[PDB]
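Notes to accompany the following structure.
Positions of Cβ are backbone-derived with ideal geometry, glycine not excepted, and every protein chain shown enters the neighbour counts. Any read-out appearing in this document is the output of simple, stated calculations on the displayed coordinates, not a laboratory observation.
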Amino acid sequence: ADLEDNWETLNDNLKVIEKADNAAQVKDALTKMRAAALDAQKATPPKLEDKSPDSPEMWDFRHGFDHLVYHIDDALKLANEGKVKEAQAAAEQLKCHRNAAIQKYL
Ligand SMILES: [Fe+3]
């Protein structure tokens, strides 16, 4: 899907996490964030379409999503341990990584 679409999918699941009561609801929404992050990583923006994969611009674009995914995975570790509130606090911190990965390319 579109980059704008994946940014919305991430924003929708972050709200779900903030409103969640249990770890399984957090786990589900983080799972869907990870999928959207890996999808967004494929949605090369038009201004970058003709860049080489080896290019520094494409390194920057792709690795913003590796970093988002890294911390989604860390949050999933907390959810799978049933630490709902800790996982919710990690998710709040995903907003900054999401911004860093997506904002300047929209
Ligand atoms: Fe990090």
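Of everything in the range 58-97, what is farther than 18 Å from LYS27 by Cα, touching a residue at least 12 places away in the same chain (Cβ under 8 Å) and within 14 Å of the chain's Cα centre (by Cα)? Give them in sequence order.
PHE61, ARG62, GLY64, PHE65, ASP66, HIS67, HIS97
Within the set of pairs 6+ apart or on separate chains, which have a first residue in the range 35-57 that is closer than 28 Å to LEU14 by Cα and touching a residue at least 60 places away in the same chain (Cβ under 8 Å), a second that is surrounded by 15 or more Cβ atoms within 10 Å (Cβ to Cβ) and of a type in the set (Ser, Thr, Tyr), and C-beta atoms under 8 Å apart?
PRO45/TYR105
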